[PDB]
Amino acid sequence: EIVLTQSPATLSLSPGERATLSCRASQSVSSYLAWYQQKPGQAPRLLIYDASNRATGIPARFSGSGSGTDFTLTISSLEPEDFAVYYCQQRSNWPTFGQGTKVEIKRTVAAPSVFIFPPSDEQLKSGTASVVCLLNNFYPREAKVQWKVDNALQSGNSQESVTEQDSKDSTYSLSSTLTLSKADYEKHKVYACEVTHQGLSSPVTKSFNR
């Protein structure tokens, strides 16, 4: 096995800026290397082959170079359709890939709009209570969501979910779900969630009294 180390793991830039993706090989692969662009839900697409050579049908804003152990893929001006993971592959021996580098669209900070949804009557007569906290239209992806029930910081029992960057305004969204039993639920009253962001200059708390 030849090992390919891509760096960085996550590159976050905006349209018009140049991008630089590195790949190093644990041995000498000479010039046998290829870059691929994989959008979510799709198969990889060859960008640069033989390590300097651009495939036809691929924009001139894409370029790659290097030989031996050090390679770089460069995107001149980031196009909105250029944001995706970028893998690389060495053919000097049995083909090995890298971890891939995910390029994220970088935008201005946006505070999340926090909501909260009590388990509605439907679920509760099934004996299960799911209280949901929503974070909406925020950037960057980093967010801190705490659960507390009657002022007791809730310990490790919640399931987070983060959506992919929005197609239009490039914002994330997050949904944290707390699942208790109608029994466990009914023995408390105050249900809150504390949200921490950069655009939020003070932690926001959404709640309701059961």
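Residue numbers run from 1 along the displayed sequence.
Colleague: When the Cα temperature factors in the entry are averaged, is it 193 to 201 or 17 to 25 that ends up higher?
Modeller: Mean CA B-factor is higher for 193 to 201.
Colleague: Should the higher mean CA B-factor in the entry be assigned to 106 to 114 or to 134 to 142?
Modeller: Taking the mean B-factor of the alpha carbons in each, 106 to 114 is higher.
Colleague: According to the deposited entry, which of 101, 96, 92, 128 has the largest Cα B-factor?
Modeller: Highest C-alpha B-factor among the listed options: 128.
Colleague: Rank-wise, by C-alpha B-factor, drop residue 147 into the lowest, middle or highest third of its chain.
Modeller: According to the entry, residue 147 has a C-alpha B-factor in the chain's middle third.
Colleague: Lowest, middle or highest third: where is residue 183 by C-alpha B factor in its chain?
Modeller: Answer is highest: the recorded C-alpha B-factor places it there.
Colleague: Would you check the entry's CA temperature factor for residue 156 and let me know if it's in the chain's lowest, middle or highest third?
Modeller: It falls in the top third of the chain.
Colleague: So where's residue 168 on the chain's Cα temperature factor ranking, which third?
Modeller: It falls in the top third of the chain.
Colleague: Would you please rank residue 72 by its C-alpha temperature factor against the other modelled residues of its chain and give the third it falls in: lowest, middle or highest?
Modeller: Within its chain, residue 72 is a lowest-third residue by C-alpha B-factor, going by the deposited values.
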